[PDB]
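In what follows, a single structure is set out as structure tokens and then discussed.
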Amino acid sequence: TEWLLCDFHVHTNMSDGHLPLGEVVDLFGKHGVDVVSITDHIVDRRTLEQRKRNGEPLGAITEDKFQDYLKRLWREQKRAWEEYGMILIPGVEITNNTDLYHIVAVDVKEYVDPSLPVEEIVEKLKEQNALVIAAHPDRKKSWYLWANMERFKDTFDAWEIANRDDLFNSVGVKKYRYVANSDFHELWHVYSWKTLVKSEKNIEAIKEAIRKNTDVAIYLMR
Amino acid sequence: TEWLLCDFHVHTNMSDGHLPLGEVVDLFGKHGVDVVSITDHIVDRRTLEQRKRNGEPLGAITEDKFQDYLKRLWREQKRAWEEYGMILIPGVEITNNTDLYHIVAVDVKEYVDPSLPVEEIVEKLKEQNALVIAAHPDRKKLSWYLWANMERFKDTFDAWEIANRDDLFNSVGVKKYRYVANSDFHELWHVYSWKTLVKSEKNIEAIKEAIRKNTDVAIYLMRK
Amino acid sequence: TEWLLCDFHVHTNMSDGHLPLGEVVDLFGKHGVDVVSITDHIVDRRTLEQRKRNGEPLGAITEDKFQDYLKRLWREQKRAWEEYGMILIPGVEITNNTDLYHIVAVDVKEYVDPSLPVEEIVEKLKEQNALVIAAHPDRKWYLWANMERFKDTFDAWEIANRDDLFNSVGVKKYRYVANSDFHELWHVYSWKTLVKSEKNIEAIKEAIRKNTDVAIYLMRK
Amino acid sequence: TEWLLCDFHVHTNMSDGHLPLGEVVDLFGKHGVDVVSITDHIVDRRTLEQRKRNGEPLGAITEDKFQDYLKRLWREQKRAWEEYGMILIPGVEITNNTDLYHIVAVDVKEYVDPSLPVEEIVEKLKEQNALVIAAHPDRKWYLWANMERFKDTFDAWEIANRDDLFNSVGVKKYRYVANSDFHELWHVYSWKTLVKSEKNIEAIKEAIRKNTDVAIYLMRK
Ligand SMILES: [Cl-]
Ligand SMILES: [Cl-]
Ligand SMILES: [Cl-]
Ligand SMILES: [Cl-]
Ligand SMILES: [Cl-]
Ligand SMILES: [Cl-]
Ligand SMILES: [Cl-]
Ligand SMILES: [Cl-]
Ligand SMILES: [Cl-]
Ligand SMILES: [Cl-]
Ligand SMILES: [Zn+2]
Ligand SMILES: [Zn+2]
Ligand SMILES: [Zn+2]
Ligand SMILES: [Zn+2]
Ligand SMILES: [Zn+2]
Ligand SMILES: [Zn+2]
Ligand SMILES: [Zn+2]
Ligand SMILES: [Zn+2]
Ligand SMILES: [Zn+2]
Ligand SMILES: [Zn+2]
Ligand SMILES: [Zn+2]
Ligand SMILES: [Zn+2]
Ligand SMILES: [Zn+2]
Ligand SMILES: [Zn+2]
Ligand SMILES: [Zn+2]
Ligand SMILES: [Zn+2]
């Protein structure tokens, strides 16, 4: 148990990030991040239909391609560790823009339908032994999770107290479990709030530490 | 699918080449090149203003003359085919000398402002269904923007120049990026250069597809 | 004449490669290589005796076993053709580590002492009607220091090897080939030579020597 | 003519300094500096666009905002005088990172494109009747590589910057000034210029240009 520097909320050009996967990994690696999770979007049916219909980019990984996406991430787990000694964790951002809940899942193994109820999503993810975080809308951007915090008090392993360069006081004031991430899309988003966690350097230990949340701090990388 | 001999980076006296268009086409046709793209320069506004100000030649096609430039090439397409059985593809070299990136567009139809960000230029070229090559500065050459940032631009370009004139650029191959090899022609003697050999049907859409896929692409050194 | 995919520089565990002859053939065959030459090391006497005395593996074919080595390749020509329609060509890497010149010969028929001067080796190989290639050290050297001297000596020079290109051959406009210099499985993916040639050994050698219809091609996973 | 304490090279957070204009004025004013020039960066287009695209801070005044920048300095001239009897002079650091020349102009009135050759920049600034200083990189370069070339070009060269002296200006007997190149609070203590001059802007510029009554002075805590 030393303190690890972590970012659990990062996107690539596979969903709506600006950057190649390899680049993202290199950028976090060379900035000395110890743990990164790639969390590209999967998106509710209705939103995907709407986008197809308007000729917009999907900015999501489709259900058909989800396993290929994970395969891209497993291969990067190897290179991340070898080149940087960094733990890369395959994840996903479950993105329901119809009812407005974004859920970040870390150490995901199967696709989960973003159109499912919050609680059913979280149970499906806990059946995969995934860490489950309530993502906070970034400042640049009424959100269901955040409007119904008490309802979801024992639902999430952690809530985003910080995102990009912003702190959200509601999580701390309630004394809820917390993490802080970049919500990375653009090169300059590597400089953000991050999570510092006291943990053995392995994925089960890390998920356990965030879940306990007693040795978790937030840290502004500048 | 026979393998075709191709040169996607060729300049004429319409921009900063030494020779007239007709003569450039004849020279490549008589040397048995199967596919040539004419990629004369369009340059960022600031570079133009600076040449205009210094009274030095523009060395580029202006935005106002771009359609006239395409019109000359379309007519050259006819002659290239009739006289040599050669496929001439209208193209352009998008030349930002302020920020140091040169992007070759093959099968271009509309002018694109060289001043824009890389990804904006490329998105614009994709809407036109053009093939988008990251040009390498020639060895007679500064730190060049695309080449300093290759991992960032890995999913941006259909191919990178692995070779140019008589030089090879091992960085392209080492990283296993999609590659092309061109003359970057300006002068008679640049006809003898690295070229691209591609397995493809002898039509423009088929050729661009083959280059993008990049699994049946070789490089070939044309010598006297 | 179609364009053939070729690799003229390939090793087995009969010298210092990782893999058996049969397996090297299956690998290249299954990956669509049209022409391969097996070029296991014969070594200068100093190097060989340095290895004997330190109990190191020889990593080479001895003069005594060279005929048995070519006999194995003669037999593999049959299997390579019948199973893959691939042309296997017996060759050798004449390897001098004392004077630092490695010379690949394709379509070899007799042992040539690697300790002999470059010109005598090459004259010997030409008497066998072998194709003679200046090999380039892999990224991880007498010929390359004296290229002008050896301009008319070799039929072709290695412009590419494993994943690396060597600008010096291209710049000088020398005749070129590109090979894997294969020792282990993943080396199968490498720069290769594409050559426009009738698919027979004399034609292939002629086409490399002429070098007017030879390109280089990077085979990727 | 009394001897005036001067600093002709000073930055605020309007470019890449740490501190607001008002605060930079209060600091220098309270420390008895008689003459200060605010010389925030204007930057060559490559550098600026490199910053835009990487999402880095511009650390410069844009051509569009340059007039608003001089307007702020025109207004601060009043406060600097009324509060401290200090002469504030609008200036700029013309900053070319592509060709590596930084040129400080004191008493500037119009934007000059930093991407223009050194002689054209300087001719432009002289048309404005600005004072033109070759800035020296701070300890932590085209002009300094080509000093003979630029002997009659500049009114003065930086012989001192922050806590460092640069023997090359002195040895060649060039005209000299010494400045803080201030970005942060503690840079207020630095080498400064002492100049014998009537306390008005034309007189000060003349005295630096003549350079016969100019010394260098190290302000310490
Ligand atoms: Cl979010
Ligand atoms: Cl988002
Ligand atoms: Cl682990
Ligand atoms: Cl170029
Ligand atoms: Cl050019
Ligand atoms: Cl066509
Ligand atoms: Cl070798
Ligand atoms: Cl070897
Ligand atoms: Cl400076
Ligand atoms: Cl500075
Ligand atoms: Zn997103
Ligand atoms: Zn979101
Ligand atoms: Zn967001
Ligand atoms: Zn997000
Ligand atoms: Zn040109
Ligand atoms: Zn160019
Ligand atoms: Zn060029
Ligand atoms: Zn060019
Ligand atoms: Zn070997
Ligand atoms: Zn060797
Ligand atoms: Zn080797
Ligand atoms: Zn070898
Ligand atoms: Zn500064
Ligand atoms: Zn400076
Ligand atoms: Zn400085
Ligand atoms: Zn400065």
Side-chain angles (χ1 to χ4, degrees), chain B residues 9-11 15-17 39-41 59 93 95 97 100-104 133-138 141 144 161 163-167 169 182-187 190 193-194, chain C residues 9-11 15-17 39-41 59 93 95 97 100-104 133-137 141 158 160-164 166 179-184 187 190, chain D residues 7-12 15-18 37-43 59-60 91-97 101-106 114 133-137 158 161-162 177 179-184 187 190:
Chain B
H9 189 178
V10 178
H11 301 274
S15 61
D16 73 345
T39 64
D40 275 317
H41 295 279
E93 196 188 329
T95 311
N97 277 347
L100 296 180
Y101 49 87
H102 291 191
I103 300 175
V104 176
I133 293 165
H136 198 282
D138 59 274
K141 90 198 199 205
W144 290 81
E161 269 182 356
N164 189 293
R165 305 283 172 88
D166 277 317
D167 305 290
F169 310 118
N182 310 295
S183 57
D184 182 17
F185 181 98
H186 289 72
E187 305 279 18
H190 298 151
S193 83
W194 288 105
Chain C
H9 190 183
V10 185
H11 304 272
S15 63
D16 67 339
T39 58
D40 276 318
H41 295 276
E93 186 173 343
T95 297
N97 291 319
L100 301 172
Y101 50 82
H102 293 193
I103 295 181
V104 166
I133 297 163
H136 190 290
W141 287 97
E158 245 173 25
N161 183 297
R162 299 272 170 78
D163 280 334
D164 281 78
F166 310 117
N179 309 295
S180 65
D181 184 26
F182 183 95
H183 289 69
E184 24 212 71
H187 300 163
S190 77
Chain D
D7 197 337
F8 297 109
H9 190 183
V10 185
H11 304 272
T12 72
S15 63
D16 67 339
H18 273 207
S37 183
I38 306 289
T39 58
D40 276 318
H41 295 276
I42 57 178
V43 152
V92 67
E93 186 173 343
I94 289 147
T95 297
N96 193 317
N97 291 319
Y101 50 82
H102 293 193
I103 295 181
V104 166
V106 175
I133 297 163
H136 190 290
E158 245 173 25
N161 183 297
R162 299 272 170 78
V177 281
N179 309 295
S180 65
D181 184 26
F182 183 95
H183 289 69
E184 24 212 71
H187 300 163
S190 77

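First listed ligand is number 1; within each ligand, the first listed atom is number 1. Only heavy atoms go into these numbers, but all of them, side chains included; no hydrogens, no water, no symmetry mates. In what follows, chains carry the letters A, B, and so on, assigned in the order in which the sequence lines appear, proteins first and then strands, with residues in each chain numbered from 1.
- Its N, O or S atom nearest to the Zn ion (ligand 17) is what matters here, and for B:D184 that atom is OD2.
- The atom of B:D138 that is an N, O or S and sits closest to the Zn ion (ligand 17) is OD1.
- The Zn ion (ligand 26) has an N, O or S atom of D:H11 under 2.8 Å away, backbone or side chain.
- Donor-acceptor pairing under 3.5 Å is lacking for the side chains of B:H190 and B:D166.
- For the pair B:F169 and B:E161, the tightest heavy-atom approach, listed with the atom from each and the gap, is CD1-O, 3.8 Å.
- Taking CD1 from D:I133 and CD from D:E93, the interatomic distance works out to 10.5 Å, rounded to the nearest 0.5 Å.
- At a cut-off of 2.8 Å, D:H9 is counted among the residues with an N, O or S atom near the Zn ion (ligand 26).
- Evaluation of the side chain to side chain contact (heavy atoms under 4.5 Å, CB included) rule for B:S183 yields B:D7, B:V10, B:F28, B:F185, B:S193, B:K195 as partners, not counting sequence neighbours.
- Note on D:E93: its N/O/S atom closest to the Zn ion (ligand 26) is OE1.
- The aromatic rings of D:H41 and D:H183 sit tilted, their planes meeting at an angle between 30° and 60°.
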